[PDB]
>>> print(open('structure.txt').read())   # compact mmCIF, C-alpha atoms
# COMPACT_ATOMS: atom_id res chain seq x y z
CA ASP F 1 -19.30 81.32 34.84
CA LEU F 2 -20.00 80.21 31.28
CA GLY F 3 -16.48 81.23 30.28
CA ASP F 4 -15.16 78.75 32.83
CA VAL F 5 -17.33 76.03 31.27
CA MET F 6 -15.80 76.78 27.87
CA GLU F 7 -12.24 76.43 29.39
CA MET F 8 -13.13 73.09 31.14
CA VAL F 9 -14.52 71.53 27.85
CA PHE F 10 -11.55 72.86 25.93
CA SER F 11 -9.14 71.34 28.46
CA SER F 12 -11.00 68.01 28.42
CA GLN F 13 -10.18 67.13 24.81
CA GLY F 14 -8.14 63.96 25.06
CA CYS F 15 -8.87 62.88 28.63
CA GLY F 16 -9.09 59.53 30.38
CA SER F 17 -4.70 51.83 38.50
CA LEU F 18 -1.93 51.95 41.12
CA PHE F 19 0.12 53.81 38.51
CA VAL F 20 2.63 56.16 40.15
CA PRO F 21 3.93 58.96 37.88
CA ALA F 22 7.65 59.67 38.03
CA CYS F 23 8.64 63.31 38.52
CA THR F 24 11.89 65.23 38.13
CA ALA F 25 13.73 67.20 40.80
CA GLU F 26 12.21 70.38 39.33
CA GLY F 27 8.68 68.98 39.66
CA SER F 28 8.11 68.31 35.96
CA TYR F 29 6.93 64.99 34.55
CA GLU F 30 9.71 62.61 33.64
CA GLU F 31 9.16 62.19 29.93
CA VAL F 32 9.17 58.39 30.22
CA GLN F 33 6.43 56.87 32.40
CA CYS F 34 6.13 53.16 33.12
CA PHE F 35 3.54 50.93 34.80
CA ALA F 36 3.10 47.15 34.99
CA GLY F 37 5.71 46.39 32.34
CA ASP F 38 4.69 49.06 29.81
CA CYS F 39 6.48 52.33 29.11
CA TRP F 40 5.42 55.42 27.15
CA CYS F 41 6.45 59.02 26.50
CA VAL F 42 4.51 61.98 27.91
CA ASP F 43 4.28 65.70 27.23
CA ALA F 44 4.60 68.59 29.69
CA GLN F 45 1.07 67.97 31.02
CA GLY F 46 1.88 64.26 31.41
CA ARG F 47 -0.31 62.97 28.57
CA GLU F 48 0.68 59.83 26.69
CA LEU F 49 1.64 60.20 23.03
CA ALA F 50 -0.03 58.00 20.46
CA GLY F 51 2.78 55.69 19.39
CA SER F 52 5.13 55.85 22.37
CA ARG F 53 3.93 52.82 24.34
CA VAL F 54 6.34 49.86 24.11
CA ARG F 55 5.92 46.59 26.04
CA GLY F 56 8.95 45.19 27.88
CA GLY F 57 11.28 48.03 27.11
CA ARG F 58 11.97 51.72 27.34
CA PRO F 59 11.00 53.92 24.38
CA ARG F 60 13.10 56.60 22.75
CA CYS F 61 11.05 59.73 22.71
CA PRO F 62 10.49 61.75 19.52
CA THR F 63 13.25 64.07 18.33
CA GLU F 64 13.18 67.33 16.37
CA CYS F 65 13.35 65.66 12.96
CA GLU F 66 10.69 63.10 13.86
CA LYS F 67 8.28 65.77 15.09
CA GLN F 68 8.78 67.93 11.99
CA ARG F 69 8.30 64.87 9.78
CA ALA F 70 5.05 63.98 11.53
CA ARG F 71 3.91 67.62 11.25
CA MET F 72 4.74 68.09 7.50
CA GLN F 73 3.05 64.72 6.74
CA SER F 74 -0.20 65.88 8.36
CA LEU F 75 -0.19 68.80 5.88
CA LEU F 76 0.79 66.79 2.71
CA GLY F 77 -2.60 65.21 3.33
CA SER F 78 -4.23 68.58 2.53
CA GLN F 79 -2.23 69.41 -0.63
CA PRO F 80 -3.79 68.59 -4.01
CA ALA F 81 -3.01 65.42 -5.92
CA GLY F 82 0.30 65.33 -7.75
CA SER F 83 1.79 68.06 -5.55
CA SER F 84 4.86 68.04 -3.32
CA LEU F 85 5.40 69.81 -0.01
CA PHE F 86 8.76 69.40 1.71
CA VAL F 87 9.05 66.58 4.25
CA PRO F 88 12.32 66.02 6.15
CA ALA F 89 13.87 62.57 6.24
CA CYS F 90 15.00 61.08 9.54
CA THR F 91 17.18 58.12 10.40
CA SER F 92 15.95 55.32 12.64
CA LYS F 93 17.57 57.01 15.66
CA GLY F 94 15.72 60.27 14.98
CA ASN F 95 18.61 62.22 13.46
CA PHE F 96 18.36 64.16 10.21
CA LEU F 97 19.69 62.66 7.02
CA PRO F 98 22.81 64.45 5.72
CA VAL F 99 21.15 65.55 2.46
CA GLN F 100 17.68 67.06 2.06
CA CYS F 101 16.12 67.68 -1.36
CA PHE F 102 13.08 69.55 -2.69
CA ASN F 103 11.98 70.38 -6.26
CA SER F 104 15.21 68.96 -7.67
CA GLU F 105 17.42 71.01 -5.34
CA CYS F 106 19.57 69.38 -2.65
CA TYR F 107 21.33 70.72 0.46
CA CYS F 108 23.63 69.46 3.17
CA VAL F 109 22.07 70.09 6.58
CA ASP F 110 23.35 70.12 10.15
CA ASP W 1 7.87 11.01 2.21
CA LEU W 2 4.97 13.03 0.82
CA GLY W 3 2.72 11.69 3.56
CA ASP W 4 5.09 13.23 6.09
CA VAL W 5 4.81 16.57 4.28
CA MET W 6 1.02 16.40 4.57
CA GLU W 7 1.34 15.76 8.39
CA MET W 8 3.83 18.70 8.84
CA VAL W 9 1.48 21.20 7.00
CA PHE W 10 -1.50 19.88 8.90
CA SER W 11 0.33 20.33 12.21
CA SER W 12 1.47 23.83 11.26
CA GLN W 13 -2.01 25.39 11.21
CA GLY W 14 -1.90 28.02 13.93
CA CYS W 15 1.85 28.33 14.50
CA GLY W 16 4.12 31.16 15.58
CA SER W 17 11.56 35.86 23.78
CA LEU W 18 13.07 34.65 27.06
CA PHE W 19 9.66 33.14 27.79
CA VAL W 20 9.96 30.08 30.04
CA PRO W 21 6.96 27.71 29.94
CA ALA W 22 5.76 26.35 33.28
CA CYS W 23 5.27 22.59 33.48
CA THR W 24 3.53 20.29 35.94
CA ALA W 25 5.07 17.46 37.94
CA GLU W 26 3.66 15.02 35.36
CA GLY W 27 5.35 16.89 32.50
CA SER W 28 2.21 18.50 31.09
CA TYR W 29 1.85 22.21 30.38
CA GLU W 30 0.50 24.22 33.26
CA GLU W 31 -2.70 25.60 31.80
CA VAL W 32 -1.78 29.17 32.79
CA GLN W 33 1.40 30.57 31.22
CA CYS W 34 2.80 34.00 32.01
CA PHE W 35 5.58 36.19 30.61
CA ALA W 36 6.56 39.83 31.14
CA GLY W 37 3.37 40.73 33.00
CA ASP W 38 0.89 38.95 30.71
CA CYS W 39 -0.90 35.68 31.40
CA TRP W 40 -2.91 33.37 29.14
CA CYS W 41 -4.46 29.90 29.07
CA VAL W 42 -3.03 27.07 26.95
CA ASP W 43 -4.22 23.71 25.68
CA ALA W 44 -2.52 20.31 25.99
CA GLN W 45 -0.04 21.19 23.23
CA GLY W 46 0.69 24.51 24.96
CA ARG W 47 -1.01 26.80 22.43
CA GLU W 48 -2.55 30.07 23.56
CA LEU W 49 -6.32 30.41 23.34
CA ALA W 50 -7.80 33.41 21.57
CA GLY W 51 -9.31 35.39 24.43
CA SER W 52 -7.33 34.13 27.41
CA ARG W 53 -4.59 36.77 27.57
CA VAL W 54 -5.08 39.25 30.45
CA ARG W 55 -2.59 41.99 31.37
CA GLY W 56 -1.63 42.37 35.04
CA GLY W 57 -3.59 39.44 36.32
CA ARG W 58 -4.23 35.75 36.15
CA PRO W 59 -7.04 34.50 33.90
CA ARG W 60 -9.70 31.96 34.76
CA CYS W 61 -9.60 29.33 32.11
CA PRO W 62 -12.74 28.24 30.20
CA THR W 63 -15.14 25.83 31.89
CA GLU W 64 -17.49 23.18 30.51
CA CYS W 65 -20.44 25.56 30.10
CA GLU W 66 -18.29 28.25 28.48
CA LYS W 67 -16.82 25.82 25.95
CA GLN W 68 -20.24 24.40 25.04
CA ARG W 69 -21.62 27.93 24.69
CA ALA W 70 -18.77 28.92 22.37
CA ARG W 71 -19.29 25.70 20.37
CA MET W 72 -23.12 25.99 19.98
CA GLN W 73 -22.71 29.68 18.98
CA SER W 74 -20.34 28.75 16.15
CA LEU W 75 -23.15 26.54 14.76
CA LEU W 76 -26.07 29.04 15.26
CA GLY W 77 -24.12 30.99 12.65
CA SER W 78 -24.91 28.23 10.11
CA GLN W 79 -28.64 27.84 10.89
CA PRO W 80 -31.14 29.69 8.68
CA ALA W 81 -32.62 33.04 9.61
CA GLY W 82 -35.39 32.98 12.19
CA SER W 83 -34.29 29.60 13.56
CA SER W 84 -33.21 28.56 17.04
CA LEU W 85 -30.61 26.00 18.07
CA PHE W 86 -30.04 25.41 21.77
CA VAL W 87 -27.30 27.47 23.42
CA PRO W 88 -26.49 26.99 27.13
CA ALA W 89 -26.33 30.01 29.41
CA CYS W 90 -23.37 30.46 31.74
CA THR W 91 -22.78 32.72 34.71
CA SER W 92 -19.81 35.08 34.86
CA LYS W 93 -17.82 32.47 36.82
CA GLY W 94 -18.40 29.83 34.14
CA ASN W 95 -21.09 27.83 35.94
CA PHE W 96 -24.37 26.78 34.33
CA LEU W 97 -27.51 28.74 35.03
CA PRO W 98 -30.03 26.80 37.13
CA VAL W 99 -32.72 26.80 34.41
CA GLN W 100 -32.22 26.04 30.72
CA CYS W 101 -34.99 26.52 28.15
CA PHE W 102 -35.56 25.57 24.51
CA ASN W 103 -38.67 25.80 22.28
CA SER W 104 -40.79 26.94 25.22
CA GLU W 105 -39.69 24.05 27.46
CA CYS W 106 -37.61 24.60 30.60
CA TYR W 107 -35.52 22.29 32.79
CA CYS W 108 -33.53 22.47 36.00
CA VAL W 109 -29.96 21.33 35.36
CA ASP W 110 -27.06 20.24 37.55
>>> encode(input="structure.txt", output="structure tokens")
Amino acid sequence: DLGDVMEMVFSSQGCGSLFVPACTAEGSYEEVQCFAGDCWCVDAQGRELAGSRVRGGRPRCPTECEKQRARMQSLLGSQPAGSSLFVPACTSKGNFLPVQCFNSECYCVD
Amino acid sequence: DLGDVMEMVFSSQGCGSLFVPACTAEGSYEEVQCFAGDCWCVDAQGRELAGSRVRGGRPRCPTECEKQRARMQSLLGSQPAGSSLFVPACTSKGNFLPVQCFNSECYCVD
């Protein structure tokens, strides 16, 4: 029915040889998938993330801090000019920085 | 001396891990070089050509027709508008097409 058509188009947003996906014992996608020398991170549905692919190596997949940082930075691009919305700071290994600050107020964080 | 400096800068136009170049019995670069799943064509000095690199495969290196075609097309970009300079036509495998034409005159070619 036409409701099924609407579900099929909605599912098809972001859709695409001898690649063999790697699965876990529980039947879920292993979050690192590799073929022909490349490796990338995937979500629950096994879709590649935009910046995960790394040649000749195995990527570290995004952490909590890194995902919040990439989410708050896609909303600082809607705020008006000369305005600040909080954006967490993450180390190179994905961890949070010990101190976070916002409108001249600073906290220690876990 | 300052003449040596001029030679070193001139040589350095178009200059750049665990890559091991493959050589021939006569000590010349093998014209296909591969590392970590990629493969590309090289010249006598062992420099990669612009469009040779192919992932997961082994490229066919440019032929006579293909090199003439790429040379005549970098000079049709200096001719005036509405003007024709001859440009050979090559098959997908690099061979010449049986018939070549120019200013309404056609030839069979070897």
>>> residues_near_point(input="structure.txt", point="(0.0, 23.7, 34.7)", cutoff="12 Å", atoms="all atoms listed in the file", output="NGL selection string")
:W and (21-34 or 40-46 or 61)
>>> interface_residues(input="structure.txt", of="chain F", to="chain W", cutoff="8 Å", atoms="all atoms listed in the file", output="list in words")
residues 36, 37 and 56 of chain F
>>> write_last_selection(input="structure.txt", atoms="C-alpha atoms", output="JSON list (two decimals), in the coordinates of the input")
[["chain", "number", "residue", "atom", "x", "y", "z"],
["F", 36, "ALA", "CA", 3.10, 47.15, 34.99],
["F", 37, "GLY", "CA", 5.71, 46.39, 32.34],
["F", 56, "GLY", "CA", 8.95, 45.19, 27.88]]
>>> atom_distance(input="structure.txt", atom1="CA of residue 108 (chain F)", atom2="CA of residue 75 (chain F)")
24.0 Å
>>> residues_around(input="structure.txt", residues="residue 74 (chain F)", least_positions_apart="6", cutoff="12 Å", atoms="only C-alpha atoms", output="VMD selection string")
chain F and resid 67 to 68 85 to 87
>>> write_last_selection(input="structure.txt", atoms="C-alpha atoms", output="mmCIF file, in the coordinates of the input")
data_model
loop_
_atom_site.group_PDB
_atom_site.id
_atom_site.type_symbol
_atom_site.label_atom_id
_atom_site.label_comp_id
_atom_site.auth_asym_id
_atom_site.auth_seq_id
_atom_site.Cartn_x
_atom_site.Cartn_y
_atom_site.Cartn_z
ATOM 1 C CA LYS F 67 8.280 65.770 15.090
ATOM 2 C CA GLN F 68 8.780 67.930 11.990
ATOM 3 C CA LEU F 85 5.400 69.810 -0.010
ATOM 4 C CA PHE F 86 8.760 69.400 1.710
ATOM 5 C CA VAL F 87 9.050 66.580 4.250
#
>>> residues_near_point(input="structure.txt", point="(9.8, 63.6, 14.0)", cutoff="9 Å", atoms="all atoms listed in the file", output="ChimeraX atom specification")
/F:62-71,88-90,94-95
>>> calpha_fit_and_write(input="structure.txt", fixed="chain F", moving="chain W", output="PDB file with C-alpha atoms, in the frame of the given file")
ATOM      1  CA  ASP W   1     -19.301  81.320  34.843  1.00  0.00           C
ATOM      2  CA  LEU W   2     -19.996  80.211  31.278  1.00  0.00           C
ATOM      3  CA  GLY W   3     -16.486  81.231  30.274  1.00  0.00           C
ATOM      4  CA  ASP W   4     -15.168  78.756  32.829  1.00  0.00           C
ATOM      5  CA  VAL W   5     -17.332  76.035  31.271  1.00  0.00           C
ATOM      6  CA  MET W   6     -15.800  76.777  27.868  1.00  0.00           C
ATOM      7  CA  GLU W   7     -12.242  76.433  29.394  1.00  0.00           C
ATOM      8  CA  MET W   8     -13.137  73.089  31.144  1.00  0.00           C
ATOM      9  CA  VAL W   9     -14.511  71.533  27.851  1.00  0.00           C
ATOM     10  CA  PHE W  10     -11.549  72.857  25.926  1.00  0.00           C
ATOM     11  CA  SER W  11      -9.143  71.333  28.456  1.00  0.00           C
ATOM     12  CA  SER W  12     -10.997  68.014  28.424  1.00  0.00           C
ATOM     13  CA  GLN W  13     -10.178  67.128  24.806  1.00  0.00           C
ATOM     14  CA  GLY W  14      -8.135  63.951  25.056  1.00  0.00           C
ATOM     15  CA  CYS W  15      -8.878  62.880  28.631  1.00  0.00           C
ATOM     16  CA  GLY W  16      -9.097  59.530  30.380  1.00  0.00           C
ATOM     17  CA  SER W  17      -4.697  51.829  38.506  1.00  0.00           C
ATOM     18  CA  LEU W  18      -1.931  51.955  41.121  1.00  0.00           C
ATOM     19  CA  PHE W  19       0.116  53.810  38.511  1.00  0.00           C
ATOM     20  CA  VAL W  20       2.634  56.155  40.145  1.00  0.00           C
ATOM     21  CA  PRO W  21       3.924  58.958  37.885  1.00  0.00           C
ATOM     22  CA  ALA W  22       7.653  59.677  38.032  1.00  0.00           C
ATOM     23  CA  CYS W  23       8.642  63.310  38.518  1.00  0.00           C
ATOM     24  CA  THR W  24      11.890  65.227  38.136  1.00  0.00           C
ATOM     25  CA  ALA W  25      13.733  67.200  40.799  1.00  0.00           C
ATOM     26  CA  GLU W  26      12.210  70.384  39.334  1.00  0.00           C
ATOM     27  CA  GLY W  27       8.680  68.981  39.659  1.00  0.00           C
ATOM     28  CA  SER W  28       8.115  68.309  35.962  1.00  0.00           C
ATOM     29  CA  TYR W  29       6.937  64.989  34.553  1.00  0.00           C
ATOM     30  CA  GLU W  30       9.711  62.617  33.636  1.00  0.00           C
ATOM     31  CA  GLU W  31       9.158  62.188  29.923  1.00  0.00           C
ATOM     32  CA  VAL W  32       9.168  58.382  30.217  1.00  0.00           C
ATOM     33  CA  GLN W  33       6.434  56.870  32.402  1.00  0.00           C
ATOM     34  CA  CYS W  34       6.125  53.163  33.119  1.00  0.00           C
ATOM     35  CA  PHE W  35       3.544  50.924  34.793  1.00  0.00           C
ATOM     36  CA  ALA W  36       3.095  47.149  34.997  1.00  0.00           C
ATOM     37  CA  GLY W  37       5.708  46.394  32.343  1.00  0.00           C
ATOM     38  CA  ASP W  38       4.691  49.060  29.810  1.00  0.00           C
ATOM     39  CA  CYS W  39       6.475  52.332  29.110  1.00  0.00           C
ATOM     40  CA  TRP W  40       5.423  55.418  27.147  1.00  0.00           C
ATOM     41  CA  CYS W  41       6.456  59.019  26.503  1.00  0.00           C
ATOM     42  CA  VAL W  42       4.504  61.982  27.902  1.00  0.00           C
ATOM     43  CA  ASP W  43       4.285  65.699  27.228  1.00  0.00           C
ATOM     44  CA  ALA W  44       4.602  68.588  29.698  1.00  0.00           C
ATOM     45  CA  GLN W  45       1.078  67.974  31.018  1.00  0.00           C
ATOM     46  CA  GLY W  46       1.881  64.265  31.403  1.00  0.00           C
ATOM     47  CA  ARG W  47      -0.311  62.961  28.569  1.00  0.00           C
ATOM     48  CA  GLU W  48       0.681  59.830  26.685  1.00  0.00           C
ATOM     49  CA  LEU W  49       1.645  60.200  23.037  1.00  0.00           C
ATOM     50  CA  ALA W  50      -0.033  58.000  20.454  1.00  0.00           C
ATOM     51  CA  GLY W  51       2.779  55.689  19.390  1.00  0.00           C
ATOM     52  CA  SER W  52       5.122  55.854  22.369  1.00  0.00           C
ATOM     53  CA  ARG W  53       3.927  52.822  24.341  1.00  0.00           C
ATOM     54  CA  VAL W  54       6.340  49.854  24.113  1.00  0.00           C
ATOM     55  CA  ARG W  55       5.916  46.591  26.043  1.00  0.00           C
ATOM     56  CA  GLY W  56       8.952  45.198  27.882  1.00  0.00           C
ATOM     57  CA  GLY W  57      11.282  48.033  27.110  1.00  0.00           C
ATOM     58  CA  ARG W  58      11.964  51.713  27.336  1.00  0.00           C
ATOM     59  CA  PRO W  59      11.000  53.919  24.383  1.00  0.00           C
ATOM     60  CA  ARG W  60      13.100  56.601  22.750  1.00  0.00           C
ATOM     61  CA  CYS W  61      11.053  59.725  22.715  1.00  0.00           C
ATOM     62  CA  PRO W  62      10.485  61.754  19.512  1.00  0.00           C
ATOM     63  CA  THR W  63      13.251  64.071  18.325  1.00  0.00           C
ATOM     64  CA  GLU W  64      13.186  67.333  16.374  1.00  0.00           C
ATOM     65  CA  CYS W  65      13.357  65.656  12.954  1.00  0.00           C
ATOM     66  CA  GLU W  66      10.690  63.098  13.863  1.00  0.00           C
ATOM     67  CA  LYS W  67       8.275  65.768  15.089  1.00  0.00           C
ATOM     68  CA  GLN W  68       8.785  67.925  11.986  1.00  0.00           C
ATOM     69  CA  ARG W  69       8.304  64.867   9.772  1.00  0.00           C
ATOM     70  CA  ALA W  70       5.050  63.980  11.535  1.00  0.00           C
ATOM     71  CA  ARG W  71       3.911  67.621  11.246  1.00  0.00           C
ATOM     72  CA  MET W  72       4.745  68.090   7.506  1.00  0.00           C
ATOM     73  CA  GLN W  73       3.050  64.725   6.736  1.00  0.00           C
ATOM     74  CA  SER W  74      -0.194  65.878   8.361  1.00  0.00           C
ATOM     75  CA  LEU W  75      -0.194  68.800   5.876  1.00  0.00           C
ATOM     76  CA  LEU W  76       0.793  66.789   2.712  1.00  0.00           C
ATOM     77  CA  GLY W  77      -2.602  65.206   3.330  1.00  0.00           C
ATOM     78  CA  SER W  78      -4.235  68.580   2.529  1.00  0.00           C
ATOM     79  CA  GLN W  79      -2.229  69.406  -0.628  1.00  0.00           C
ATOM     80  CA  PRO W  80      -3.787  68.585  -4.012  1.00  0.00           C
ATOM     81  CA  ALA W  81      -3.014  65.413  -5.915  1.00  0.00           C
ATOM     82  CA  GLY W  82       0.297  65.335  -7.750  1.00  0.00           C
ATOM     83  CA  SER W  83       1.791  68.058  -5.544  1.00  0.00           C
ATOM     84  CA  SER W  84       4.854  68.047  -3.313  1.00  0.00           C
ATOM     85  CA  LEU W  85       5.404  69.810  -0.001  1.00  0.00           C
ATOM     86  CA  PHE W  86       8.760  69.404   1.712  1.00  0.00           C
ATOM     87  CA  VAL W  87       9.051  66.576   4.240  1.00  0.00           C
ATOM     88  CA  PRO W  88      12.319  66.022   6.153  1.00  0.00           C
ATOM     89  CA  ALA W  89      13.870  62.568   6.234  1.00  0.00           C
ATOM     90  CA  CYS W  90      14.997  61.082   9.538  1.00  0.00           C
ATOM     91  CA  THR W  91      17.180  58.119  10.392  1.00  0.00           C
ATOM     92  CA  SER W  92      15.949  55.319  12.640  1.00  0.00           C
ATOM     93  CA  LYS W  93      17.571  57.013  15.659  1.00  0.00           C
ATOM     94  CA  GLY W  94      15.719  60.270  14.985  1.00  0.00           C
ATOM     95  CA  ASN W  95      18.611  62.218  13.462  1.00  0.00           C
ATOM     96  CA  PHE W  96      18.361  64.163  10.205  1.00  0.00           C
ATOM     97  CA  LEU W  97      19.698  62.659   7.021  1.00  0.00           C
ATOM     98  CA  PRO W  98      22.803  64.449   5.726  1.00  0.00           C
ATOM     99  CA  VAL W  99      21.149  65.550   2.457  1.00  0.00           C
ATOM    100  CA  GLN W 100      17.685  67.062   2.060  1.00  0.00           C
ATOM    101  CA  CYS W 101      16.114  67.682  -1.354  1.00  0.00           C
ATOM    102  CA  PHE W 102      13.078  69.547  -2.687  1.00  0.00           C
ATOM    103  CA  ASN W 103      11.976  70.384  -6.262  1.00  0.00           C
ATOM    104  CA  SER W 104      15.205  68.962  -7.673  1.00  0.00           C
ATOM    105  CA  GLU W 105      17.425  71.011  -5.338  1.00  0.00           C
ATOM    106  CA  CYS W 106      19.574  69.389  -2.647  1.00  0.00           C
ATOM    107  CA  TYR W 107      21.326  70.725   0.459  1.00  0.00           C
ATOM    108  CA  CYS W 108      23.633  69.456   3.173  1.00  0.00           C
ATOM    109  CA  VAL W 109      22.071  70.088   6.581  1.00  0.00           C
ATOM    110  CA  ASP W 110      23.350  70.119  10.152  1.00  0.00           C
TER     111      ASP W 110
END
>>> atom_distance(input="structure.txt", atom1="CA of residue 92 (chain W)", atom2="CA of residue 60 (chain W)")
10.6 Å
>>> atom_distance(input="structure.txt", atom1="CA of residue 14 (chain W)", atom2="CA of residue 49 (chain W)")
10.7 Å
>>> axis_aligned_box(input="structure.txt", around="region 4-20 of chain W", padding_each_side="3 Å", output="lines of an AutoDock Vina configuration file")
center_x = 5.5
center_y = 24.5
center_z = 17.2
size_x = 21.1
size_y = 28.6
size_z = 31.8
>>> decode(input="structure.txt", residues="region 69-109 of chain F", atoms="C-alpha atoms", output="mmCIF file, in the first residue's frame")
data_model
loop_
_atom_site.group_PDB
_atom_site.id
_atom_site.type_symbol
_atom_site.label_atom_id
_atom_site.label_comp_id
_atom_site.auth_asym_id
_atom_site.auth_seq_id
_atom_site.Cartn_x
_atom_site.Cartn_y
_atom_site.Cartn_z
ATOM 1 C CA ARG F 69 31.021 17.428 19.865
ATOM 2 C CA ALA F 70 29.914 16.598 16.323
ATOM 3 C CA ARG F 71 26.269 17.079 17.362
ATOM 4 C CA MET F 72 26.722 20.467 19.169
ATOM 5 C CA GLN F 73 28.817 21.731 16.197
ATOM 6 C CA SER F 74 25.983 20.979 13.758
ATOM 7 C CA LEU F 75 23.782 23.302 15.876
ATOM 8 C CA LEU F 76 26.364 26.152 16.367
ATOM 9 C CA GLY F 77 25.908 26.474 12.619
ATOM 10 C CA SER F 78 22.294 27.592 13.233
ATOM 11 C CA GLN F 79 22.977 30.097 16.045
ATOM 12 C CA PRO F 80 23.274 33.792 15.131
ATOM 13 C CA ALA F 81 26.592 35.506 14.554
ATOM 14 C CA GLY F 82 28.569 36.415 17.651
ATOM 15 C CA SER F 83 26.754 33.836 19.787
ATOM 16 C CA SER F 84 28.075 30.882 21.769
ATOM 17 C CA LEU F 85 26.463 27.503 22.367
ATOM 18 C CA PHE F 86 28.329 24.982 24.495
ATOM 19 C CA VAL F 87 30.591 22.530 22.669
ATOM 20 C CA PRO F 88 32.514 19.857 24.606
ATOM 21 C CA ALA F 89 36.236 19.455 24.048
ATOM 22 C CA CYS F 90 37.697 16.009 23.423
ATOM 23 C CA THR F 91 41.237 14.690 23.459
ATOM 24 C CA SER F 92 42.730 12.911 20.459
ATOM 25 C CA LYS F 93 41.773 9.533 21.966
ATOM 26 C CA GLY F 94 38.126 10.587 22.314
ATOM 27 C CA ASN F 95 38.118 11.258 26.060
ATOM 28 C CA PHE F 96 36.721 14.415 27.632
ATOM 29 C CA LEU F 97 39.048 17.181 28.684
ATOM 30 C CA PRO F 98 39.268 17.581 32.476
ATOM 31 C CA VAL F 99 37.860 21.138 32.457
ATOM 32 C CA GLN F 100 34.842 22.388 30.503
ATOM 33 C CA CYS F 101 33.909 26.074 30.344
ATOM 34 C CA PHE F 102 30.919 28.103 29.141
ATOM 35 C CA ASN F 103 30.061 31.821 29.514
ATOM 36 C CA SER F 104 33.088 32.376 31.747
ATOM 37 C CA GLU F 105 32.207 29.496 34.088
ATOM 38 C CA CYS F 106 34.376 26.379 34.368
ATOM 39 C CA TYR F 107 33.775 22.890 35.782
ATOM 40 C CA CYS F 108 35.713 19.706 36.372
ATOM 41 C CA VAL F 109 33.988 16.806 34.626
#
